[PDB]
Every structure is written in structure tokens, then in C-alpha cells.
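Below, read A as the first sequence line, B as the second, and so on, with proteins coming before strands; counting in each chain starts at 1. In listed order, ligands and their atoms are each counted from 1.
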Amino acid sequence: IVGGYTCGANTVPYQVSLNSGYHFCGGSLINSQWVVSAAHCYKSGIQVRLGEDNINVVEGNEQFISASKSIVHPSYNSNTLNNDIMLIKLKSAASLXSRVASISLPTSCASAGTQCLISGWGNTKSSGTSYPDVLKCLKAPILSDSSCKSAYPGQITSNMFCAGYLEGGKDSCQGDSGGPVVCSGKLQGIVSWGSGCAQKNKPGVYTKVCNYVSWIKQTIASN
Amino acid sequence: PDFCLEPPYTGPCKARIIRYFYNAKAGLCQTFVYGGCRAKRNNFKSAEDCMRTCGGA
Ligand SMILES: [Ca+2]
Ligand SMILES: [Ca+2]
Ligand code: NA
């Protein structure tokens, strides 16, 4: 997260870290046994880390649970990045309280201008490299489909949406993928891609979770 | 064009996945951050894969 702030220990209880010997992606807990992340975050031997703040130190509120299943959307396109969503089943049910909690799925899509909370342990620099120990947060608005398409001509599908600030300086970055974009208590997006991070006229692109609600519910229930 | 001589490509996706690339200047396989999508060929999952494919380039 570039241009954000320190969330505060466990202030984003649904945020999880995907670990494969180190943190490589984020995710959002939607129930005691399921996590939503990005399809490009599919990796071998994933371990989901819940209740995390300082990603490099054991603070006492962590729950490390291996993924028992990793279902990438059947229509995920690794070239166009369309349908960039993945569901991860936890090998054992996570213990839910205040520090570890699920985030509700949306009932409808969010409108342009809606303020949302984006979080993650990704790079905090637009030019250079600096990965945080603690979880970073960023408040950013949903942008119009027209502005998103103007920013990325011929790249935005009906399953993607832009969020951020066109002047640059505030954005999600490498290490944030799969993480949440929560608006009004609903999971509206999944950190997906963009041209660099926090660049002018290049807002972050996110998977439109509101288009997959029925698929998410049915898939979880059938696994 | 030898793909082993191309600079490492992070890509547009925002994951922080550690991969290997052959650094021709240093003459060795080095680590770099891969974003998770649209990988180029000088991107390997292990130092061994990198050396086997690009060693001596
Ligand atoms: Ca920790
Ligand atoms: Ca290296
Ligand atoms: Na802390």
C-alpha cells in the first residue's frame, strides 16, 4: 500500500496473509473455512495466516491454517486477467471471536465515488522498495468505468473496476494482490493489477466481487 | 534475441512472488519480485531451473 497509514493491530480482522515460505499475497476471510483472493495468487502449499499485524513476528493472536483447496475461477484468463478471483478452503475452521472475523459479500455493486478501505502488506513505495512489518491501510474511492477504460484502453473488462486517485501517490502495490477493497462493510474488490503503483493517471485495477456473489456462494457450498 | 539477457519483468499484477532471473552482467541467477501474471521467460521458480536454462548466457 503506497500513501497509506498503519491500520492498527487487528483493526481489519478479515485480512489474511497467504504464505508460501514468505508473504506473497493477501486475502479476505468470508467465513470460518473460506478465503477470497486473486486467481493470479494461486501457488503451491499455501498457508493462510489470520490474526496478523506484524507479519515478521509472532504476536500471540495468529492462526496459521493450511489451504485444503484452492479453486481458481474456471474462466480465469492469465493474459487478459479477466475473472481474477480464487476461493481458498481452510484445512480446519478458523476460530472467530474481534481479531479474526469474516467480511460480508455485497448485495449490489458499489457506485463511483464510494469511499472504500484497501489494505495489505505490499510495497509502500511507488519508486523503490519497502515492505512493511505491520498492516497498511488506504481510503480510496471507486472510479467510473469510463475513467478506468480511459486509463487502460482495451484492458478493462466488465469484471474489473478502478479505484484510487488520478493524481497519483495512493495505491495498492506488489504484495497486496488478493487483498480486500471494502466499501460500507461489504467486500467489493480484490487487489488485482495496474501500471506500476501510485502513478499519475494509472489507478489500481480490482476484481469486481459483486459480479461473482452467486458463484462464490455455490462454489463454497459445493466443496 | 536471447531471453536470458532480458531484464527481469515484474508485470502488472500485485503479488510479491520471489522468482529467479539470469543476470548476465553478474553471471548468475538472482532473485526478483514477480507480480503473478504475464511472466516473461527469464523468470524461474528455482535457481536450478534458471541455471539449467540460462547458465553461461
Ligand atoms: Ca505476526
Ligand atoms: Ca539475487
Ligand atoms: Na503490531
Side-chain angles (χ1 to χ4, degrees), chain A residues 1 4-29 35 37 45-67 88 90 92 94-101 117-124 128-138 174-176 178-180, chain B residues 2-11 15-36 39-57:
Chain A
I1 300 293
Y5 60 95
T6 295
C7 306
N10 311 118
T11 54
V12 188
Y14 51 87
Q15 169 84 237
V16 306
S17 162
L18 302 191
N19 185 287
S20 187
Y22 60 91
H23 166 92
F24 73 93
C25 274
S28 303
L29 188 69
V35 167
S37 187
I46 289 176
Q47 181 184 248
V48 180
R49 297 185 172 197
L50 309 94
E52 286 278 27
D53 187 39
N54 185 322
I55 210 70
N56 296 303
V57 177
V58 174
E59 298 180 297
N61 306 270
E62 301 97 339
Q63 286 184 56
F64 291 1
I65 306 175
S66 293
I88 297 170
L90 301 183
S92 61
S95 176
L96 309 184
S98 55
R99 304 182 183 273
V100 180
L117 179 67
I118 306 179
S119 52
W121 287 278
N123 195 356
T124 61
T129 293
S130 182
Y131 293 89
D133 293 324
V134 301
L135 189 63
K136 296 300 158 177
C137 278
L138 172 70
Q174 279 66 42
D176 290 323
Chain B
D2 190 345
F3 66 77
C4 295
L5 310 184
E6 297 292 339
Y9 184 71
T10 293
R16 194 279 299 276
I17 298 163
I18 306 172
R19 291 288 177 83
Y20 289 80
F21 78 101
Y22 181 70
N23 181 345
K25 185 185 181 187
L28 87 185
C29 288
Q30 293 180 351
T31 56
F32 81 103
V33 173
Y34 172 52
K40 291 198 186 308
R41 292 173 295 178
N42 192 9
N43 176 327
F44 305 93
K45 295 184 178 183
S46 72
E48 289 77 14
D49 284 353
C50 177
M51 292 190 280
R52 185 182 315 114
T53 308
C54 292

Taking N42(B) for its side chain and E6(B) for its backbone only, find out whether a donor-acceptor pair lies under 3.5 Å.
yes
Identify the residue among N10(A), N61(A), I65(A), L96(A) that makes a side-chain contact (heavy atoms from CB on, under 4.5 Å) with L50(A).
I65(A)
For a 4.5 angstrom cut-off between non-hydrogen side-chain atoms, does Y14(A) reach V100(A)?
no
Could you measure the distance from the CZ atom of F44(B) to the OH atom of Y34(B)? Nearest 0.5 Å is fine.
13.0 Å
For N43(B), check side chain to side chain donor-acceptor pair (under 3.5 Å) against everything at least two apart and list the hits.
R19(B)
Student check: side-chain heavy atoms of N23(B) and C29(B) closer than 4.5 Å
no
Could you give the distance from OG (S46(B)) to CE (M51(B)), rounded to the nearest 0.5 Å?
8.0 Å
Partners passing ring-ring contact (aromatic ring centres under 6.0 Å, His included) against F21(B) (at least two apart in sequence or in another chain):
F32(B)
Atoms of the protein (N/O/S only) found under 3.0 Å from the Na ion (ligand 3):
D53(A) OD2, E59(A) OE2
Atoms (protein N, O or S; no water) under 3.0 Å from the Ca ion (ligand 1):
4
Supply the atom-to-atom distance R99(A) CZ to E52(A) CD, rounded to the nearest 0.5 angstrom.
12.5 Å
